[PDB]
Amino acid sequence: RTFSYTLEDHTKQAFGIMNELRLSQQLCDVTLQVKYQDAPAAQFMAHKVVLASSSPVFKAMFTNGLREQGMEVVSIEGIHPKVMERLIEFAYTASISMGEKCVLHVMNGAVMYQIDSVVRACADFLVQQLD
């Protein structure tokens, strides 16, 4: 009496569309303004719900108890713009790539937004690079 179906690639396909929408700057409700020390300021438009799905830190920031009147600007310090870019790409794609010289800075940024997956991968890379 009961019929049930699952599309395994669905989440992969849907995240692909969400990343397309980020890059077109469509349906975005947060702008991250990133200023790190000497480097020129940068900004990143995104979807609060997607960032929240990949970072307990963004989730708490955005789930405030009074719903938001539109597009929010968020000031970020202490993370290089190039690192934030890579973390956002991870959330939207599940992949991240960097040069060996940047692995430490990305791990630092991933600790700051509690992206446990990226923390683990970077830690494991650094340790293999020993001895």
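We number the residues from 1 along the sequence you see. The term rigid core refers to the maximal set of C-alpha atoms that superpose within 1.5 Å between the two forms.
When the other structures are laid on the shown form by the core, the C-alphas of 32-40 and 60-68 differ in how far they drift in 5 other deposited structures of this protein; the larger average drift belongs to 60-68.
In 5 other deposited structures of this protein, superposed on the rigid core, the segment with the larger root-mean-square CA displacement between 82-90 and 69-77 is 69-77. Averaged over CA atoms, B-factors in the entry run higher in 91-99 than in the other of 91-99 and 48-56.
Relative to one another, 70-78 and 39-47 have unequal mean CA B-factors, and 70-78 is the one with the higher figure. Annotation for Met61: C-alpha temperature factor in the middle third relative to the rest of the modelled chain, per the entry. Split the chain's modelled residues into thirds by C-alpha temperature factor. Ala121 is in the middle one. When the modelled residues of the chain are ordered by their C-alpha B factor, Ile17 lands in the lowest third.
When the CA B factors of the chain's modelled residues are split into thirds, the value for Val111 lands in the middle one. Split the chain's modelled residues into thirds by C-alpha temperature factor. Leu104 is in the highest one.
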